């Protein structure tokens, strides 16, 4: 019962992300937070060039949830939807 709800729960998270990423206040908040985390342990060592990785990939992740037609497919891709999205 719990495990069969994982697909819908994942899709609900994706739906929330698609709404939030339409707010530039969301991008700014997450950028600023991750910029601070890149500068401190453990992330500064787990991800070399953390700030450069962030500068490149955060716009791409944001754009994915903003512009993809079917971002909920992520939930099938990560294995949480054994019967399809």
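Numbering follows the first chain given and starts at 1.
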Taking the deposited Cα B-factors and averaging over 34 to 42 and over 47 to 55, the higher mean is found in 34 to 42
On average, are the C-alpha B-factors higher in 18 to 26 or in 68 to 76?
18 to 26
Could you say whether, by C-alpha temperature factor, residue 1 belongs to the lowest, middle or highest third of its chain?
highest
Looking at the entry's B-factor column for C-alpha atoms only, identify whether residue 63 ranks in the lowest, middle or highest third of its chain.
highest
